[PDB]
Each structure stands twice: as C-alpha cells, then as structure tokens.
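The deposited numbering puts the sequence shown at residues -4 to 61, 65 to 219.
Notes for the one structure printed next.
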Amino acid sequence: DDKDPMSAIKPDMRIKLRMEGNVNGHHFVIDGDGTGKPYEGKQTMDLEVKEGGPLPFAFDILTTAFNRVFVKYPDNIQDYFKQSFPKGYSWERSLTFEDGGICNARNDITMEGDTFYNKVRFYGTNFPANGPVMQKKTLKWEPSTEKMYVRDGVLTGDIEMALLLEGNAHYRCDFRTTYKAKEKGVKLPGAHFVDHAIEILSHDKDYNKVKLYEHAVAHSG
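This is how it looks when you write it as structure tokens:
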C-alpha cells in the first residue's frame, strides 16, 4: 500500500462546532472550539453558550453530542470513522432516560484542511420538572463501553450509560447511535467495543463556558 495513511486524518486536528436545539422547550445555541489527537483517542473543546443561557437544565445531557474519529483504534480492528474522511460521516442518536426523558441528537461531520466541522442538533423532551435533569442535580457521566456492531446494514453503537447525581444516586440512560459514512463503499467493521470517558474539566458557575475532554479506545473485549 502506497497511500499516506494520514492523508486526511492528521495527528493533531482542530475542531469547530455549532449546536442548536431545545430541551423541554428551552432553546439554545452553543459554539465549540477544540483540538484533538485522533490516533490517541483524545480531544478537548471549549464550549460557549451563545443563546438561551443560563441553561435551565443539566449541561451534562449535552456533552456526548459535542466524534468517533477520536478513538485509539488498534491495527486489528477496522476504523470506519478514520476511513470516512476526507468526505466525512454523520451520526444519529437516541438517548432514553430512566424517567422517560428522551433526547434525539445528530451531528454532520465534515473536514476542511486540518479542522473537523460539526453541525449538531439536540432535542430533548419529556423530562419531569422535578427530575435531576431539569433540577441540575447531575455530577458526571460514568465511564462507559459502547458496543459497535452492524444492525440491519448500518454501523450501530449501543451504550448503557449512567449519570452520577448528587446524593449517592445514579440516573441511567440507554444510547443507540447510528453512524453513516458519506462515501458509498466504506467497509463496515467487525463487531467491537469502544471504552469512553467524558469529563467536564472546568466550567463557570452557570455553565456558560465549559471545557470538555474525552478519551476513547477501541478493543475486541
């Protein structure tokens, strides 16, 4: 093989993002500017709420919506996400929470030069007014393992997630994400797993500004 394996995906990439949406009827716009190391599975982003702040719900519900290109893939697992560039890919995610809260999120990911661009939409509804999301009682997402597999011909990731809450409690959420390369013919990978750890490194009091970090690694179990 004569190709530059990093012809599109460079070892250090910049990230630009805009998210729009609403949760329980509260509309917002959030911008992101970040950097990442695709082959180390690491990324960091500075997020700024531009409209709708201070958000009247837990910022944590949004954080996994801010790119599976940032996963340390070993040589023995097909890397669908890095193989999707330069053209890019998109994902669509359902987040079903234990109390009936439901979110739908999507991201269209393109690449221009050294920068991934993210067009993100996030819609949440059916959160109980007295629940931990609307009451802002969340502390973090726990580290998780995403099961990657082909479901009806489409690469799919399933995760059993949980938010730690104030007061020694957890609040569970099921994720299902579908991932679609923009170019026809990108080979689907074999089933595998991706371990994730997402964390807010810092934030201002009202979460108008948030610094976010994620580390992810693919493995076969």
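Virtual Cβ for every residue (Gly too), placed ideally from N, Cα, C.
Among all the DSSP beta bridges, which residues are the ones paired with residue 38?
Per DSSP, 31, 212.
In the DSSP assignment, what residue or residues form a beta bridge with residue 14?
Per DSSP, the beta bridge partners of residue 14 are 25, 118.
Cβ neighbour criterion (16 or more within 10 Å) applied to residue 128
With fewer than 16 neighbouring CB atoms inside 10 Å of its own CB, residue 128 falls in the exposed class.
With DSSP collapsed to three states, give me the class of residue 145.
If DSSP states are grouped into helix, strand and coil, residue 145 belongs with the strands.
I'd like to check one pair, residue 112 with residue 5: are the Cβ atoms closer than 7 angstroms?
Yes; because the gap between Cβ atoms is below 7 angstroms, this pair is in contact.
Using beta-carbon positions only, say whether residue 55 and residue 123 come within less than 7 angstroms of one another.
No, the pair does not count as a contact, with Cβ atoms beyond the cut-off.
Nearest CA to the CA of residue 189: which residue from 211, 196, 159, 155?
Residue nearest to residue 189 within the set 211, 196, 159, 155 is 155 (criterion: CA-CA distance).
Please classify residue 187 as buried or exposed, where buried requires at least 16 neighbouring CB atoms within 10 angstroms.
Residue burial is scored here from C-beta neighbours: residue 187 has at least 16 other C-beta atoms within 10 angstroms and is therefore classed as buried.
Going by CA-CA distance only, name the one from 138, 216, 19 that's closest to residue 159.
Relative to residue 159, the option among 138, 216, 19 whose CA is nearest is 138.
Hey, how far is the Cα of residue 25 from the Cα of residue 7?
Approximately 23 angstroms between the Cα atoms of the pair.
With 16 as the cutoff for other CB atoms within 10 Å, does residue 96 come out buried or exposed?
Here residue 96 is exposed. Its C-beta has fewer than 16 other C-beta atoms within 10 Å.
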